[PDB]
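Participant: Quick one, what's the 3D model for this:
(one chain, ligands or ions: 1)
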Amino acid sequence: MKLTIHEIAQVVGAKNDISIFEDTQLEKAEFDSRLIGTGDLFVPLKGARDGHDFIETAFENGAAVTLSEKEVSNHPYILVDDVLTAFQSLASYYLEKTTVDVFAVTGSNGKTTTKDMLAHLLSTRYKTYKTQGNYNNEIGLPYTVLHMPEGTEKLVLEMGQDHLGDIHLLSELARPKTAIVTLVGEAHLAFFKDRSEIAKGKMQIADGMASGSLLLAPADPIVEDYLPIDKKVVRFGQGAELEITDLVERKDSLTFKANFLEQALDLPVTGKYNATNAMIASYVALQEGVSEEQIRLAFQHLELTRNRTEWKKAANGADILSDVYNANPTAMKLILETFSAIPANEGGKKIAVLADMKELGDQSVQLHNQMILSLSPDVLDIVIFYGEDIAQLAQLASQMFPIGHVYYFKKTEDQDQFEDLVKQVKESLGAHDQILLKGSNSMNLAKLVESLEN
Ligand SMILES: N#Cc1c(NC(=O)c2cc(S(=O)(=O)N3CCOCC3)c(Cl)cc2Cl)sc2c1CCN(Cc1ccc(O)cc1)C2
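Facilitator: Numbering: from 1, shown residues only. Coordinates below:
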């Protein structure tokens, strides 16, 4: 990250006197205090607690300067109106300065995403960086841009949406060279009206793209009214300008041929949607000067990720939502709001299994309690706490919640009521019930869900 503080304070609009602190060359940018090294820029956001609380801690860890929405004593800080807003600006500007080729992608669905596939393909010929894990939103994307290894030639960004209009924001930020739109099978929906609003919001991806730029989009008539008018649009799907003309799915592997490819392709994956992901990633890669030779070979040794946490289903038809990704409180908070923001199925309730989060040192217990502000009795019918540090939160909830709507289960160096946890959960869960399971990946938590999908 080739950035200095004085430069950061220009682009960012610093509200304070900046030439007071030395203009040092920054290193890494982080919002999670635990990740700060020497020379790092702290960016304090509205999480479970406000970032600014950990400005103190960030410099103990070696931060050289931090973004701030207030006066900060004897520490290099940049004064601004909205740290997040500042943070976006900073990312836009860094793209404009390094001038990397950005490839914008949507829908995470499969065992391997179009974001993963494409990066992997581009990596055979060019120096490539990409979105890590699920950092695809108004926090996630800036963060990626600012973590780009010095010299990256191509950058595959994934962009996702919570509300309509979010992708517009990022396509405007990133001003992509090329974009891919894919469609992920529906739940009973999120904060959206229908598949239409969704597709409308998804198609926004080209808002920040130049004329005659390349955009792939589904054969599906639903995207029709939302196509750009001055772009190079290449549709994929049965009967379209690109289609898989044959397919074989084995136990683990999968072979297929695309009309515009002279040879078959081989992936160690399964599901028709993975072939479609492979083809389109495969087609843009051709546009960027990668040989079909180099591509067959790359697919040879492909990388399955962690299952990009959608909904699954237990052995009674009840909707599970297990979120492995991001072990940290703001992520606990965010999902709780997502979970409870969703409507419950008809004649079916809303359970939450929360488990100890880790690596919170001397703040664990404070931070676990903080979750209470995201726990409504209105929406959440039963709430199951497992672990130790969750304790007081379990207590808090038992106060705020109707009698016998809360269960606690111990886990320490002296006892492990896991056996009982399971017994309880498998009594609470019904054929129309939605269940969240969030907390540090542990042997015991992973152990639980397989018994549910038994
Ligand atoms: N609030 C809060 C905290 C964090 N929040 C986040 O990491 C965070 C995570 C997320 S996120 O949900 O993980 N997000 C990342 C990218 O976009 C998709 C999902 C977001 Cl969007 C925003 C934030 Cl600010 S990380 C963190 C805290 C407070 C506690 N922490 C450790 C700590 C322990 C003891 C101390 O004394 C100091 C710090 C680290």
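Participant: what residues does the stretch 251-400 of the chain put near the ligand?
Facilitator: With C-beta under 6 Å from any ligand atom as the criterion, the stretch 251-400 of the chain meets the ligand at residues 326, 328, 329, 330, 331, 334, 360, 361, 362, 363, 367. Where C-beta positions appear, they are placed from N, C-alpha and C, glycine not excepted.
Participant: who's in contact with the third one?
Facilitator: Residue 329 sits next to 47, 48, 49, 357, 360, 367, 368, 370, 371 when contact means C-beta atoms under 8 Å, 6 or more residues apart in numbering.
Participant: Secondary structure added to the residues of the stretch 251-400 of the chain next to the ligand, as a markdown table?
Facilitator: Below are these laid out as a markdown table (DSSP: H, G, I helix; E, B strand; the rest coil):
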| residue | secondary structure |
| --- | --- |
| 326 | coil |
| 328 | coil |
| 329 | helix |
| 330 | helix |
| 331 | helix |
| 334 | helix |
| 360 | coil |
| 361 | helix |
| 362 | helix |
| 363 | helix |
| 367 | helix |
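Participant: Pull the most distant pair out of these.
Facilitator: 334 and 362 (23.5 Å; C-beta to C-beta).
Participant: And the two? Which one has more around it.
Facilitator: residue 334 (20 against 7; other C-beta atoms under 10 Å).
Participant: Based on its surroundings, how many neighbours for the closest residue in space to residue 201 that isn't next to it in sequence?
Facilitator: Nearest residue to residue 201 in three dimensions, chain neighbours excluded: residue 164, at 4.2 Å (C-beta to C-beta, 6 or more residues apart in numbering). By the criterion of other C-beta under 10 Å, residue 164 has 16 neighbours.
Participant: Residue 164 contacts residue 200, doesn't it?
Facilitator: Yes: Residue 164 lies in contact with residue 200 (C-beta atoms under 8 Å); the separation is 6.7 Å.
Participant: circling back: doesn't the residue nearest to residue 201 belong to a helix?
Facilitator: No: Residue 164 is assigned coil when assessed by three-state DSSP, not a helix.
Participant: Around the ligand, which positions in the stretch 51-200 of the chain sit nearby?
Facilitator: 54, 57, 134, 135, 137, 139, 140.
Participant: which residue ranges form the helices in the chain?
Facilitator: Ranges of helices in the chain, per DSSP state H, are 5-12, 55-60, 83-98, 114-122, 140-145, 166-174, 195-203, 272-287, 292-300, 329-341, 364-369, 391-400, 418-428, 443-452.
Participant: Highest mean neighbour count out of those?
Facilitator: helix 114-122 (a mean of 26; mean count of other C-beta atoms under 10 Å).
Participant: Let me see the domain layout of the protein.
Facilitator: Taking curated CATH domains as the reference, the chain has its domains at 1-80, 81-303, 304-454.
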